[PDB]
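Enquirer: First, the structure itself, so that you have it in front of you.
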Protein chains: 4
Amino acid sequence: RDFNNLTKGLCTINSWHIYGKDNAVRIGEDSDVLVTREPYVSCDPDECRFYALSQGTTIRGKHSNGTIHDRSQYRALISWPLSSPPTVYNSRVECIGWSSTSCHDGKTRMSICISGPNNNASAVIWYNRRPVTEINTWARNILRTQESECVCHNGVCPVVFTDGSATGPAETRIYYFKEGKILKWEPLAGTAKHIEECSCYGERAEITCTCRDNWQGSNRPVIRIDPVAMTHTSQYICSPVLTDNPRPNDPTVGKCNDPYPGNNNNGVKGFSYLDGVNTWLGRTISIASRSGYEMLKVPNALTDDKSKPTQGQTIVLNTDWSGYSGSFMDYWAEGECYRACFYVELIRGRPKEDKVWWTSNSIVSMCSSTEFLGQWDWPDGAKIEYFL
Amino acid sequence: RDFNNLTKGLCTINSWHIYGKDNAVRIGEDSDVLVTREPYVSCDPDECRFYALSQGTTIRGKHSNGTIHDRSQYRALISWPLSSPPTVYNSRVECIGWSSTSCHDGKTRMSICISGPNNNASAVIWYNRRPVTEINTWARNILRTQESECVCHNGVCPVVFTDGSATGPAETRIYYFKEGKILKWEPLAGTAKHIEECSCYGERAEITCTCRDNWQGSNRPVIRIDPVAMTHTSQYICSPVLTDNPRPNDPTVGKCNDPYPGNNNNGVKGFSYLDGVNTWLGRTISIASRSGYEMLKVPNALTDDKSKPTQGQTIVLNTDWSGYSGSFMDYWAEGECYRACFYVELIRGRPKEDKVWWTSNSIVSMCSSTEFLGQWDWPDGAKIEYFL
Amino acid sequence: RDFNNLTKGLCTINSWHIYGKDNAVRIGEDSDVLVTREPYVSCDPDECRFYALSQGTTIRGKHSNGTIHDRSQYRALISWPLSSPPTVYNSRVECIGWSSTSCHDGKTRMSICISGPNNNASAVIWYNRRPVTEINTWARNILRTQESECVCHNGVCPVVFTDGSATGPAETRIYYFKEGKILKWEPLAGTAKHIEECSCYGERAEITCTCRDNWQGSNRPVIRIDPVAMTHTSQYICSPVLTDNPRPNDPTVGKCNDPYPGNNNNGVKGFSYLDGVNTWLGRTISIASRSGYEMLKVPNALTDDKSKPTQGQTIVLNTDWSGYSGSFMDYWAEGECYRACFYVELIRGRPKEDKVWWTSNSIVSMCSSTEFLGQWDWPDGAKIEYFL
Amino acid sequence: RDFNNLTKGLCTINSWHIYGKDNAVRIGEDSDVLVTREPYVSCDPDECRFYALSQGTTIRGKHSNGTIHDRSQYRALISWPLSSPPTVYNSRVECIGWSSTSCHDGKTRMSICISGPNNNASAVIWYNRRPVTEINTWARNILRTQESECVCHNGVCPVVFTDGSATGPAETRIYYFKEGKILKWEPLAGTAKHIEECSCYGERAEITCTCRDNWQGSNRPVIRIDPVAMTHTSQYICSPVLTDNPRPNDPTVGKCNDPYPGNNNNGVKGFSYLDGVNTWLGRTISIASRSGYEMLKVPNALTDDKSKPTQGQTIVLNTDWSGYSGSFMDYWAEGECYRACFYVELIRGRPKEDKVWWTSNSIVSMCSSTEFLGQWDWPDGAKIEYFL
Ligand SMILES: *[C@@H]1O[C@H](CO)[C@@H](O[C@@H]2O[C@H](CO)[C@@H](O[C@@H]3O[C@H](CO[C@H]4O[C@H](CO[C@H]5O[C@H](CO)[C@@H](O)[C@H](O)[C@@H]5O)[C@@H](O)[C@H](O[C@H]5O[C@H](CO)[C@@H](O)[C@H](O)[C@@H]5O)[C@@H]4O)[C@@H](O)[C@H](O[C@H]4O[C@H](CO)[C@@H](O)[C@H](O)[C@@H]4O[C@H]4O[C@H](CO)[C@@H](O)[C@H](O)[C@@H]4O[C@H]4O[C@H](CO)[C@@H](O)[C@H](O)[C@@H]4O)[C@@H]3O)[C@H](O)[C@H]2NC(C)=O)[C@H](O)[C@H]1NC(C)=O
Ligand SMILES: *[C@@H]1O[C@H](CO)[C@@H](O[C@@H]2O[C@H](CO)[C@@H](O[C@@H]3O[C@H](CO[C@H]4O[C@H](CO[C@H]5O[C@H](CO)[C@@H](O)[C@H](O)[C@@H]5O)[C@@H](O)[C@H](O[C@H]5O[C@H](CO)[C@@H](O)[C@H](O)[C@@H]5O)[C@@H]4O)[C@@H](O)[C@H](O[C@H]4O[C@H](CO)[C@@H](O)[C@H](O)[C@@H]4O[C@H]4O[C@H](CO)[C@@H](O)[C@H](O)[C@@H]4O[C@H]4O[C@H](CO)[C@@H](O)[C@H](O)[C@@H]4O)[C@@H]3O)[C@H](O)[C@H]2NC(C)=O)[C@H](O)[C@H]1NC(C)=O
Ligand SMILES: *[C@@H]1O[C@H](CO)[C@@H](O[C@@H]2O[C@H](CO)[C@@H](O[C@@H]3O[C@H](CO[C@H]4O[C@H](CO[C@H]5O[C@H](CO)[C@@H](O)[C@H](O)[C@@H]5O)[C@@H](O)[C@H](O[C@H]5O[C@H](CO)[C@@H](O)[C@H](O)[C@@H]5O)[C@@H]4O)[C@@H](O)[C@H](O[C@H]4O[C@H](CO)[C@@H](O)[C@H](O)[C@@H]4O[C@H]4O[C@H](CO)[C@@H](O)[C@H](O)[C@@H]4O[C@H]4O[C@H](CO)[C@@H](O)[C@H](O)[C@@H]4O)[C@@H]3O)[C@H](O)[C@H]2NC(C)=O)[C@H](O)[C@H]1NC(C)=O
Ligand SMILES: *[C@@H]1O[C@H](CO)[C@@H](O[C@@H]2O[C@H](CO)[C@@H](O[C@@H]3O[C@H](CO[C@H]4O[C@H](CO[C@H]5O[C@H](CO)[C@@H](O)[C@H](O)[C@@H]5O)[C@@H](O)[C@H](O[C@H]5O[C@H](CO)[C@@H](O)[C@H](O)[C@@H]5O)[C@@H]4O)[C@@H](O)[C@H](O[C@H]4O[C@H](CO)[C@@H](O)[C@H](O)[C@@H]4O[C@H]4O[C@H](CO)[C@@H](O)[C@H](O)[C@@H]4O[C@H]4O[C@H](CO)[C@@H](O)[C@H](O)[C@@H]4O)[C@@H]3O)[C@H](O)[C@H]2NC(C)=O)[C@H](O)[C@H]1NC(C)=O
Ligand SMILES: CC(=O)N[C@H]1[C@H]([C@H](O)[C@H](O)CO)O[C@@](O)(C(=O)O)C[C@@H]1O
Ligand SMILES: CC(=O)N[C@H]1[C@H]([C@H](O)[C@H](O)CO)O[C@@](O)(C(=O)O)C[C@@H]1O
Ligand SMILES: CC(=O)N[C@H]1[C@H]([C@H](O)[C@H](O)CO)O[C@@](O)(C(=O)O)C[C@@H]1O
Ligand SMILES: [Ca+2]
Ligand SMILES: [Ca+2]
Ligand SMILES: [Ca+2]
Ligand SMILES: [Ca+2]
Ligand SMILES: [Ca+2]
């Protein structure tokens with residue numbers, strides 16, 4: 001109808017309730033489920049769906065061997081009905097590639113997929129299911145994007161890309177698209193030293209992205225975008241409650257404008273909702289691997305370098321595998337505020353479970369509740385032994 | 001369009017004709033059919049569909065092992081086209097959880113799923129396929145609901161929940177929802193001593209629920225709800241024709257305001273249509289197990305403590321497995337009256353058939369006819385031996 | 001929109017072109033295809049679909065054993081997209097039963113399914129996907145119907161049923177339905193001595209049905225219905241070109257008002273288009289079994305007891321299995337005339353191919369062309385050996 | 001709505017970006033994927049889909065044995081969602097046959113399928129999913145058509161057919177259809193000596209077809225059609241950059257009005273976009289077999305007999321199998337010009353990979369970009385060894 005505008009503030013987050021879960025690996029043990037990774041969730045005005053990068057093979061298929069690799073010509077961004085598994089028969093291909101983002105602007109959806117060799121990748125921006133714009137690699141080193149939904153405001157949908165090193169300074173750009181066409185792009189500015197896989201959400205005409213400093217930071221970089229002025233700023237979450245992985249143990253004081261050191265050249269896509277006292281951080285429980293997942297209420301995490309948790313909720317036990325996590329909200333729901341939501345990628349197989357030759361995942365997602373709900377843990381649920 | 005109002009009375013029930021049957025277990029022996037239990041049927045203004053709690057695995061899948069358990073993180077309320085089996089590819093997830101109800105109010109559908117550990121479960125109320133309200137456990141002992149459709153009148157959709165003991169007094173509540181929001185809730189009142197899994201239907205602005213007294217009663221408790229005043233009453237079906245299972249043999253006089261004793265701490269979800277002389281009761285044939293199924297015309301069963309059958313119809317032979325049964329009607333059909341319908345869950349596998357490691361079911365359903373139709377029996381139809 | 005009226009005459013039939021073919025048995029050798037029999041084709045104003053009586057099991061499934069039997073509680077009328085195979089995932093259940101008919105009246109579709117034991121069957125008439133009317137068996141001996149589409153005119157959709165003996169006089173009735181309700185019914189009248197499985201079509205406000213005299217006739221009985229007056233007549237196709245199976249060899253003179261003798265208590269559903277010189281008859285090539293299939297132009301077959309063929313077209317070689325055949329037309333196509341169409345059921349498995357334990361079929365269908373098209377033969381195409 | 005008119009010119013082709021890829025063979029190793037060949041892509045005003053000639057069997061199915069053959073009664077034109085594989089459950093049958101074309105005129109789609117024995121084939125023209133016209137073979141020698149989309153302008157959709165010899169002069173005809181009816185047909189005229197499998201596109205009220213001279217030419221014949229005057233001309237691409245396969249090595253001077261000799265009685269469906277300096281040619285890399293695939297910018301190829309490449313893009317490495325290739329464009333996209341697109345059929349199995357008994361393919365397709373994008377190669381990706 002009309003372009004959606006971020007007119008509401010976030011609802012108060014007092015706990016998280018179960019939103020969706022596809023049990024993909026369990027089901028796929030005996031049904032035609034596509035091998036995936038890098039999933040996320042995104043809503044249209046009339047439906048919310050699961051998204052992920054298929055590996056172009058089923059889990060039981062012989063071609064599942066080798067799916068630990070991230071980039072091949074057989075990957076594609078696919079979407080499917082909320083909480084269903086990504087099957088060969090119900091998956092809809094949005095575009096071809098090994099890195100992506102997607103978001104609905106209120107009128108129609110924009111999907112972006114990047115493909116190519118490491119030194120010659122290119123992004124193609126789709127709008128209303130048609131290719132509209134193409135952007136060639138600018139640093140010739142794995143042009144890559146969010147791996148979770150972008151956000152729009154009055155037709156303008158900003159997207160964060162990075163091209164260049166994963167272990168040193170790189171060239172990050174914020175592109176402002178409208179109807180799949182480039183209105184403008186800026187180089188990253190601010191104090192964030194390295195940006196990758198931004199998880200974003202919007203509220204009151206502002207877009208907040210919590211990203212991954214793969215190079216040096218165990219605290220997460222944050223990019224705040226003004227989609228009207230088409231400008232942005234960057235910093236890190238000040239809080240000592242560190243949320244990347246692997247990471248050192250939490251200190252008593254964090255860092256607001258530099259990566260918190262201790263772990264180099266590695267990380268995991270993650271997210272947060274930064275909203276004063278209504279601030280919640282997601283992170284793996286393990287400081288060593290993508291194991292477990294929890295949400296922590298850390299009032300003023302973004303700006304308070306001594307902020308510590310005041311409440312929490314375990315999502316996945318540290319005795320279960322987790323993975324990527326990102327933000328999304330249903331901007332078309334009823335009510336006076338936007339309900340914060342997130343998903344956690346539950347990776348199965350390689351490298352942690354090497355008895356199988358494949359790597360895939362399933363999805364679990366939650367949304368906030370103003371109630372103080374009882375908690376449960378939500379593991380993938382599949383038995384590797386069954387696949388042997 | 002507009003909210004549906006229960007303006008009609010029930011059609012005269014002279015017999016039951018076949019409405020739907022999915023042959024899920026038969027078909028699933030060699031196709032991707034999800035393991036389920038606790039099924040039901042519910043209509044939208046333009047379509048009637050099958051519903052059930054998936055176990056998040058196919059029947060032939062290795063994860064079918066252990067599906068005798070009722071509550072896990074892999075269950076979800078799913079719906080699928082009338083008389084099709086619940087397959088991985090045609091099942092639509094309504095919400096995540098291990099106990100549910102769902103009903104269309106004329107404008108859109110409300111679905112409710114409860115999930116959690118036994119001592120910390122929570123219900124999330126979905127409306128128009130979005131989460132709207134959440135209710136935390138109040139007795140910290142398996143918050144649970146109907147396992148069959150709720151009923152609406154002018155936007156108000158009452159739902160019966162129970163939290164606490166399955167073998168002693170518990171805390172039952174009647175919630176009155178409108179557009180997924182709570183208008184009001186009451187504690188159970190009346191003479192029903194224990195309430196579980198209410199089967200409901202509506203006629204002439206009144207909602208009647210036939211439930212399960214798991215603690216002491218072999219006769220069934222009944223809750224009558226006024227969805228306008230948002231009040232209710234409770235009692236038991238007076239009739240000596242006992243309809244829970246297991247149960248003692250039928251006496252000559254029943255009980256109107258106390259559980260009829262003889263069997264404790266067990267039962268099965270069931271239903272009835274209480275409409276004066278146009279009264280029909282469903283029950284398993286066996287007094288020992290979920291075996292067989294029959295419909296009995298017992299004029300004035302609700303209020304006559306000596307009422308006995310005047311007509312009947314066998315649905316499932318006592319040489320075949322049955323299970324849960326509940327009520328539903330198509331409130332959007334043509335005509336001057338509501339046609340009473342019901343489904344019977346035909347459980348296969350554990351515990352009665354232990355040669356297989358799984359537990360699932362198929363569905364059979366009937367609706368009333370004003371004709372006096374010839375009868376047939378409707379078994380699940382699968383051969384366990386084939387799954388060995 | 002408005003009820004369709006049979007306002008056009010048939011197009012001139014100069015040959016038959018290929019319309020649809022699903023290759024169900026071939027495909028089903030390695031995919032989830034339902035075992036069926038008694039298929040047909042029927043059109044809605046916006047789509048034409050395949051129909052058949054499922055056996056409630058896939059062909060490769062272990063439950064395919066025994067599917068040679070005609071009536072069980074696991075059968076159902078299902079429809080699916082034109083030329084697709086009837087799979088577990090794309091088949092839509094119209095109703096439950098082991099005998100059926102279905103037709104669209106221009107506004108919505110009426111489907112009828114009969115189920116029950118042999119001595120207590122009942123038909124339930126569905127309209128707009130809801131059960132509306134039920135008819136109990138009147139002769140307590142396998143109440144049965146067309147097994148192909150019915151035809152409507154101004155809302156009135158006549159349907160031919162038979163109850164009683166398959167090897168002696170039976171009770172055939174013509175029911176005139178409108179919106180699923182019975183307007184009127186008549187007993188069969190005229191000279192047809194036994195009626196079963198009528199294949200019907202309509203043109204210029206008249207409905208013509210070519211049926212099966214199972215008891216004595218090798219020539220086919222014909223019922224002509226006036227859907228406005230709601231009256232009918234019956235006779236046999238006069239022509240010596242005999243079209244039932246098994247049958248004696250063709251004589252030089254046929255019979256107009258009595259069954260042509262030679263073969264008792266057996267037959268096969270078949271059809272014809274009786275339109276003066278524009279008359280075509282379908283029949284199996286073999287006089288012994290459901291083998292081969294051909295179309296023969298026999299000018300004035302209905303009324304000329306010496307009529308012989310003037311043109312022909314082989315549909316299935318006598319070295320391939322055939323089966324049932326029936327009529328349908330797309331009453332919603334463009335143009336000034338109705339294009340005659342028909343389907344042939346290609347039965348595979350039992351009894352003719354006993355190396356497999358199942359019985360199923362695939363479908364081939366053609367429609368007329370005013371051109372004189374070259375011919376091809378259209379076999380099922382599956383190799384039984386593959387299923388062993 | 002209204003018939004589409006070719007009002008735009010082509011966009012400037014500076015490179016090719018990835019548009020769709022289904023990875024059919026990879027996926028089909030362990031899922032119900034239909035065996036196909038002769039694929040293409042075609043757009044409706046609201047969706048773009050993949051098309052191909054199914055072989056009426058899955059790849060893993062036993063009936064895949066023998067699918068190297070081109071014409072059988074089990075083939076059919078099917079379409080399915082962009083970039084999905086052609087599965088038993090998501091494929092839509094357009095018509096029955098072993099040679100086809102299809103195109104949307106802006107209001108609805110016309111599909112054409114030819115079937116029959118070699119000496120008695122016939123084409124049936126479908127419009128709005130109904131059969132409308134039939135054309136009998138005129139030379140009694142494999143009546144055949146494009147194997148890629150036709151193009152329409154103001155309701156008129158020209159289609160090129162050929163009947164007669166594949167190794168000598170044949171009878172090619174250009175039929176001008178409107179709403180599935182024949183407005184007119186012409187015999188081929190011009191200097192093209194043999195025409196087969198035309199790949200066409202339209203721009204500025206002109207339709208250009210690049211075909212296959214199977215008899216003598218290694219350069220490609222070209223047919224330019226005026227869909228308003230309903231007339232055409234034919235010649236060959238003048239350029240020495242030869243694009244059929246097998247072929248001799250490129251000379252320094254080509255031929256404008258005669259086949260370029262060196263290879264007889266063989267070829268492959270191919271295409272080009274002839275637009276002055278904005279001219280691009282597709283061809284296999286190998287001059288011996290359907291191996292590899294590349295796009296070459298050859299300014300004025302059509303009219304310059306000495307034209308050589310000025311730019312290029314590899315699509316498939318010469319170490320990978322290719323196959324047919326053809327043109328299509330989304331005539332309903334936004335913007336001021338038509339974006340040239342094409343697909344390449346990646347054939348797997350027989351005859352080149354004889355360890356398996358089947359022959360199938362997958363699809364890759366690209367569209368032009370005004371950017372100068374980095375390139376990647378796009379192989380089928382399946383491991384034959386897995387199918388053994
Ligand atoms: C049914 O469901 C409900 C709902 O879920 C269940 O209740 C939930 O229970 C969970 C688990 O207990 C709670 O989660 C934890 O929350 C605490 C925060 O709450 C405590 O602290 C608050 C703040 O206190 C300080 O400030 C306040 C405010 O000014 C001040 O008042 C106070 O005096 C003090 O100065 C308190 O307000 C709060 O009190 C309230 O609630 C109590 C119950 O929760 C109640 O008893 C009180 O009466 C009062 O009403 C409470 O005391 C989080 O701190 C905690 O997170 C830490 O712990 C988990 C392990 O449990 C760990 O994984 C987290 O990462 C985190 O700890 C790590 O990080 C810290 C920060 O750097 C670090 O300091 C720690 O050492 C630790 O670090 C190590 O681990 C990490 C991760 O591996 C690693 O990276 C580091 O390097 C290092 O190795 C939990 O989130 C929920 O809040 C609670 N929800 C609700 C609504 O109640 C209920 O239990 C269920 N019922 C049943 C029967 O099961
Ligand atoms: C073709 O299809 C048609 C349609 O389906 C088939 O016909 C149907 O046939 C079935 C089976 O026969 C019928 O079902 C039974 O119905 C009877 C009720 O009908 C009888 O009783 C009526 C009431 O009589 C008393 O009151 C009346 C009224 O004031 C008074 O007139 C009379 O004198 C007497 O005082 C009679 O009206 C009725 O008569 C009419 O119909 C006759 C045919 O049905 C006809 O002959 C007559 O001329 C007249 O027209 C008739 O006599 C039910 O009582 C019965 O249910 C009991 O039996 C089944 C086993 O069959 C059992 O499973 C049930 O649970 C129940 O019995 C248990 O519960 C009782 C109550 O507590 C208890 O007393 C019993 O001891 C027994 O208890 C034990 O078992 C249970 C369960 O395991 C356990 O929990 C207990 O602890 C204990 O162990 C059937 O429902 C249909 O009504 C009938 N339908 C129609 C339309 O006719 C036809 O047969 C088919 N054709 C063919 C060829 O197959
Ligand atoms: C490319 O495609 C085209 C299009 O399909 C192919 O051409 C088609 O070819 C087929 C096969 O040949 C034709 O089918 C047969 O048609 C004949 C009818 O046509 C003949 O007879 C006409 C009528 O003649 C009498 O009346 C006329 C009219 O007044 C009068 O003129 C004439 O003198 C005579 O008095 C002739 O008009 C007609 O002539 C025209 O066409 C000729 C070509 O067809 C051409 O040469 C002529 O110049 C002229 O232009 C022609 O002579 C059917 O009779 C025949 O059906 C019988 O035969 C098949 C076996 O072939 C059998 O299965 C049928 O059941 C039937 O025979 C049984 O039933 C009879 C009736 O009771 C009985 O008498 C027979 O003994 C036999 O009975 C036995 O078998 C049955 C079944 O098993 C059993 O039940 C009995 O008990 C008993 O055992 C075919 O249908 C098409 O018409 C023709 N189509 C067209 C448009 O041309 C072309 O061949 C293909 N090209 C290639 C290269 O392959
Ligand atoms: C990241 O991505 C980018 C984007 O894809 C990658 O860059 C691309 O790189 C590829 C591969 O190198 C390029 O493809 C080739 O393009 C050349 C054409 O370009 C050259 O020639 C131009 C024309 O020159 C003449 O005319 C001009 C104009 O008047 C005049 O200026 C000039 O002096 C001369 O007189 C030059 O303009 C052009 O220069 C520009 O670009 C250069 C880089 O490309 C740059 O260095 C310059 O500074 C300048 O900016 C350039 O020199 C094609 O000719 C070539 O195709 C031939 O070669 C391939 C094998 O590579 C072969 O398969 C083709 O079939 C073809 O060769 C066959 O056919 C010929 C014609 O008959 C024949 O002559 C050959 O002998 C050969 O024939 C044999 O093989 C065939 C097939 O098997 C067989 O049938 C025959 O019988 C026989 O056996 C390629 O298409 C892209 O253009 C380029 N794209 C862009 C935008 O730059 C980049 O590399 C990637 N980065 C990384 C790090 O990997
Ligand atoms: C485009 C791409 O290759 N993305 C990959 C990124 C990058 O390697 C890192 O961000 C370093 O830049 O991380 C992953 O490997 C990971 O950690 O699981 C997965 C993902 O596929
Ligand atoms: C929420 C829940 O666990 N419900 C379960 C109930 C309760 O156990 C009983 O009502 C006692 O409260 O009964 C079942 O076990 C049963 O009898 O088959 C199935 C169902 O899943
Ligand atoms: C309702 C029913 O049983 N119909 C069956 C009929 C009847 O047996 C005959 O018409 C005799 O009445 O014929 C079949 O067996 C047959 O010949 O293949 C199939 C069909 O299922
Ligand atoms: Ca399978
Ligand atoms: Ca890091
Ligand atoms: Ca009880
Ligand atoms: Ca007969
Ligand atoms: Ca050639």
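FYI, residue positions are counted from 1 along the chain as it appears here.
This entry, so its header tells us, was determined using X-ray crystallography, 1.7 Å.
Just so you know, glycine gets a Cβ as well, placed from its N, Cα and C.
So Swiss-Prot lists these for the protein:
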{"type": "ACT_SITE", "residues": "B:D70", "note": "active site, proton donor/acceptor"}
{"type": "BINDING", "residues": "B:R37, B:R71, B:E196, B:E197, B:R212, B:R290", "note": "substrate binding site"}
{"type": "BINDING", "residues": "B:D213, B:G217, B:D244, B:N266", "note": "Ca(2+) binding site"}
{"type": "DISULFID", "residues": "B:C11-B:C337", "note": "disulfide bond"}
{"type": "DISULFID", "residues": "B:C43-B:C48", "note": "disulfide bond"}
{"type": "DISULFID", "residues": "B:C95-B:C113", "note": "disulfide bond"}
{"type": "DISULFID", "residues": "B:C103-B:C150", "note": "disulfide bond"}
{"type": "DISULFID", "residues": "B:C152-B:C157", "note": "disulfide bond"}
{"type": "DISULFID", "residues": "B:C198-B:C211", "note": "disulfide bond"}
{"type": "DISULFID", "residues": "B:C200-B:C209", "note": "disulfide bond"}
{"type": "DISULFID", "residues": "B:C238-B:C256", "note": "disulfide bond"}
{"type": "DISULFID", "residues": "B:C341-B:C367", "note": "disulfide bond"}
{"type": "CARBOHYD", "residues": "B:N5", "note": "N-linked glycosylation site"}
{"type": "CARBOHYD", "residues": "B:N65", "note": "N-linked glycosylation site"}
{"type": "CARBOHYD", "residues": "B:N120", "note": "N-linked glycosylation site"}
{"type": "REGION", "residues": "B:10-388", "note": "region 'Head of neuraminidase'"}
Enquirer: Near chain C by Cβ (under 8 Å): which of the recorded positions B:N5, B:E196, B:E197, B:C200, B:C367?
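Expert: Out of B:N5, B:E196, B:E197, B:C200, B:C367, B:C367 lie under 8 Å of chain C.
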Enquirer: B:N120, B:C150, B:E197, B:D213, B:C341: which of these recorded positions put a Cβ within less than 6 Å of any ligand 1 atom?
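Expert: The recorded positions passing the 6 Å Cβ test are B:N120.
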Enquirer: Filter the recorded positions B:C48, B:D70, B:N120, B:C150: retain a residue only if its CB is under 8 A from a CB of chain A. Output in sequence order; output 'none' if empty.
Expert: B:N120
Enquirer: Taking only the Cα atoms, work out how far B:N266 (Ca(2+) binding site) lies from B:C152 (disulfide bond), in Å, as a whole number.
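Expert: Rounded to a whole number, the Cα-Cα distance is 30 Å.
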Enquirer: Distance between B:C103 (disulfide bond) and B:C256 (disulfide bond) at the Cα atoms, whole Å?
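Expert: The Cα atom of B:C103 (disulfide bond) is 29 Å away from the Cα atom of B:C256 (disulfide bond).
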Enquirer: Around the Ca(2+) site (B:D213, B:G217, B:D244, B:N266), what further same-chain residues have their C-beta within 8 angstroms of the site's C-beta centre?
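Expert: Here the non-site neighbours turn out to be B:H194, B:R212, B:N214, B:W215, B:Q216, B:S218, B:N219, B:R220, B:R247, B:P259, B:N263, B:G267.
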Enquirer: To the nearest whole angstrom, what is the C-alpha distance linking B:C150 (disulfide bond) and B:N65 (N-linked glycosylation site)?
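Expert: The separation of the Cα atoms works out to 32 Å.
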Enquirer: Does anything in the same chain, at least 6 positions from B:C200 (disulfide bond), have a Cβ under 8 Å from its Cβ, and if so what?
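Expert: Correct list: B:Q146, B:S148, B:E149, B:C150, B:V151, B:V160, B:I207, B:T208, B:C209, B:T210, B:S327.
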Enquirer: For the C-alpha pair, I'd like the distance in angstrom between B:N5 (N-linked glycosylation site) and B:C198 (disulfide bond), rounded off.
Expert: 21
Enquirer: Minimum Cβ neighbour count within 10 Å among the disulfide-bonded residues B:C43, B:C256: which residue?
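Expert: Among the disulfide-bonded residues B:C43, B:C256, the lowest count of other Cβ atoms within 10 Å belongs to B:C256.
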Enquirer: Out of B:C150, B:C337, B:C341, which of the disulfide-bonded residues is least crowded by other Cβ atoms within 10 Å?
Expert: B:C337
Enquirer: Determine the most Cβ-crowded residue among the disulfide-bonded residues B:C11, B:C95, B:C103, B:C198, using a 10 Å radius around each Cβ and all protein chains in the structure.
Expert: B:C198
Enquirer: B:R290 (substrate binding site) has how many other Cβ neighbours within 10 Å of its own Cβ?
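Expert: I count 21 other Cβ atoms within 10 Å of it.
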Enquirer: Fill in the CA-CA distance, B:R37 (substrate binding site) to B:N65 (N-linked glycosylation site), as an integer in Å.
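Expert: B:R37 (substrate binding site) and B:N65 (N-linked glycosylation site) have their Cα atoms 14 Å apart.
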Enquirer: As a check: which entries in B:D70, B:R71, B:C95, B:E196, B:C238, B:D244, the recorded positions, place their Cβ less than 6 Å from an atom of ligand 6?
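Expert: Only B:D70, B:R71, B:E196 meet the Cβ criterion.
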Enquirer: Using C-alpha atoms, which one of the disulfide-bonded residues B:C157, B:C198, B:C238, B:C341 comes nearest to B:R212 (substrate binding site)?
Expert: B:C198
